[PDB]
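S.K.: Got a structure for you, questions after.
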Amino acid sequence: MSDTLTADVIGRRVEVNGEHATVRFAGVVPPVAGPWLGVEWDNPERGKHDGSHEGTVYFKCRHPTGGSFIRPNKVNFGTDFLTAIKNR
């Protein structure tokens with residue numbers, strides 16, 4: 001628990017809308033000046049695009065229609081073992 005954010009945001013399993021997704025990219029994007037993170041969903045039906053547009057690849061994924069963009073607010077890293085046991 002610290003105010004400083006970890007630089008290893010890429011590769012973390014996040015929870016959004018009750019679905020577990022995998023982070024593939026953690027940087028800023030050209031069109032928006034907000035923190036946008038690329039997430040691949042377990043079910044490709046919830047995706048949007050492969051993660052590349054105009055021939056330029058931003059973040060790779062295993063499914064041609066499983067990657068999407070979100071913000072840290074919608075991301076829910078969840079608690080840990082002891083904290084989860086205490087809350088349950």
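Naming scheme: A, B, ... for chains in displayed order of the structure tokens; residues 1 onward per chain; ligands 1 onward as shown.
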For the alpha helix (DSSP H) assignment from backbone DSSP, which residues of chain A qualify? Please present them as a list in words.
M.R.: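 Alpha helix (DSSP H) assignments inside chain A correspond to residues 81, 82, 83, 84, 85, 86 and 87 of chain A.
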S.K.: Compile the contact shell of residue 27 (chain A) as a VMD selection string: residues with an atom at most 12 Å away, counting only C-alpha atoms, same-chain residues fewer than 3 positions apart removed.
M.R.: chain A and resid 7 to 10 23 to 24 30 32 to 38 58 to 59 69 to 72
S.K.: Take the residues that were just selected and, keeping C-alpha atoms, output them as a PDB file, in the first residue's frame.
M.R.:
```pdb
ATOM      1  CA  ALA A   7       5.638   0.570 -13.283  1.00  0.00           C
ATOM      2  CA  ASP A   8       4.682  -3.091 -13.921  1.00  0.00           C
ATOM      3  CA  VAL A   9       1.055  -2.323 -14.804  1.00  0.00           C
ATOM      4  CA  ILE A  10       1.393  -4.347 -18.024  1.00  0.00           C
ATOM      5  CA  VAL A  23      -3.600  -5.901 -19.525  1.00  0.00           C
ATOM      6  CA  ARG A  24      -1.430  -5.740 -22.654  1.00  0.00           C
ATOM      7  CA  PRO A  30      -2.328  10.234 -29.235  1.00  0.00           C
ATOM      8  CA  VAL A  32      -6.831  11.449 -25.721  1.00  0.00           C
ATOM      9  CA  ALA A  33      -4.544  12.940 -22.976  1.00  0.00           C
ATOM     10  CA  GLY A  34      -5.974  10.557 -20.301  1.00  0.00           C
ATOM     11  CA  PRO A  35      -4.489   7.323 -18.822  1.00  0.00           C
ATOM     12  CA  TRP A  36      -5.855   4.683 -21.304  1.00  0.00           C
ATOM     13  CA  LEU A  37      -4.902   0.983 -20.694  1.00  0.00           C
ATOM     14  CA  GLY A  38      -5.371  -1.811 -23.279  1.00  0.00           C
ATOM     15  CA  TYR A  58      -0.417  -0.298 -30.483  1.00  0.00           C
ATOM     16  CA  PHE A  59      -0.869  -3.460 -28.392  1.00  0.00           C
ATOM     17  CA  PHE A  69      -9.317   0.500 -24.111  1.00  0.00           C
ATOM     18  CA  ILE A  70     -10.282   1.505 -20.564  1.00  0.00           C
ATOM     19  CA  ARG A  71      -9.099   3.754 -17.731  1.00  0.00           C
ATOM     20  CA  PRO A  72      -7.707   2.969 -14.259  1.00  0.00           C
TER      21      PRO A  72
END
```
S.K.: Based on the backbone DSSP call, show me all residues of chain A assigned strand (DSSP E), as a ChimeraX atom specification.
M.R.: /A:13-16,19-28,35-41,52-53,56-57,67-70
S.K.: Write the residues of the preceding selection, restricted to C-alpha atoms, as a PDB file, in the first residue's frame.
M.R.:
```pdb
ATOM      1  CA  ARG A  13      -5.184  -9.305 -14.383  1.00  0.00           C
ATOM      2  CA  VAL A  14      -7.971  -6.753 -13.940  1.00  0.00           C
ATOM      3  CA  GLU A  15     -11.716  -7.042 -13.313  1.00  0.00           C
ATOM      4  CA  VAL A  16     -14.155  -4.890 -15.297  1.00  0.00           C
ATOM      5  CA  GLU A  19     -15.240 -10.026 -16.247  1.00  0.00           C
ATOM      6  CA  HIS A  20     -11.541 -10.831 -15.887  1.00  0.00           C
ATOM      7  CA  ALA A  21      -9.241  -9.304 -18.507  1.00  0.00           C
ATOM      8  CA  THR A  22      -5.489  -9.174 -19.102  1.00  0.00           C
ATOM      9  CA  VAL A  23      -3.600  -5.901 -19.525  1.00  0.00           C
ATOM     10  CA  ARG A  24      -1.430  -5.740 -22.654  1.00  0.00           C
ATOM     11  CA  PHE A  25      -0.401  -2.023 -22.748  1.00  0.00           C
ATOM     12  CA  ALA A  26       0.001   0.775 -20.106  1.00  0.00           C
ATOM     13  CA  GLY A  27       0.842   4.210 -21.640  1.00  0.00           C
ATOM     14  CA  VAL A  28      -0.808   7.427 -23.010  1.00  0.00           C
ATOM     15  CA  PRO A  35      -4.489   7.323 -18.822  1.00  0.00           C
ATOM     16  CA  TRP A  36      -5.855   4.683 -21.304  1.00  0.00           C
ATOM     17  CA  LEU A  37      -4.902   0.983 -20.694  1.00  0.00           C
ATOM     18  CA  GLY A  38      -5.371  -1.811 -23.279  1.00  0.00           C
ATOM     19  CA  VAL A  39      -7.149  -4.912 -21.985  1.00  0.00           C
ATOM     20  CA  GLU A  40      -7.952  -8.217 -23.683  1.00  0.00           C
ATOM     21  CA  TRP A  41     -11.097  -9.965 -22.454  1.00  0.00           C
ATOM     22  CA  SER A  52      -4.197  -1.735 -34.399  1.00  0.00           C
ATOM     23  CA  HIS A  53      -5.527   0.937 -36.743  1.00  0.00           C
ATOM     24  CA  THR A  56       0.125   0.799 -36.850  1.00  0.00           C
ATOM     25  CA  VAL A  57       0.058  -1.713 -33.990  1.00  0.00           C
ATOM     26  CA  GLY A  67      -8.783  -5.893 -27.245  1.00  0.00           C
ATOM     27  CA  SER A  68     -10.322  -2.715 -25.870  1.00  0.00           C
ATOM     28  CA  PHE A  69      -9.317   0.500 -24.111  1.00  0.00           C
ATOM     29  CA  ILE A  70     -10.282   1.505 -20.564  1.00  0.00           C
TER      30      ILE A  70
END
```
S.K.: For a test of reading the model, state the distance in Å between CA of residue 80 (chain A) and CA of residue 43 (chain A), rounded to one decimal.
M.R.: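 Between CA of residue 80 (chain A) and CA of residue 43 (chain A) the gap works out to 24.6 Å.
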S.K.: List the spatial neighbours of residue 18 (chain A) as an MDAnalysis selection string - criterion: any atom at most 12 Å away, only C-alpha atoms, same-chain residues fewer than 6 positions off excluded.
M.R.: chainID A and resid 41:42 46 74:78
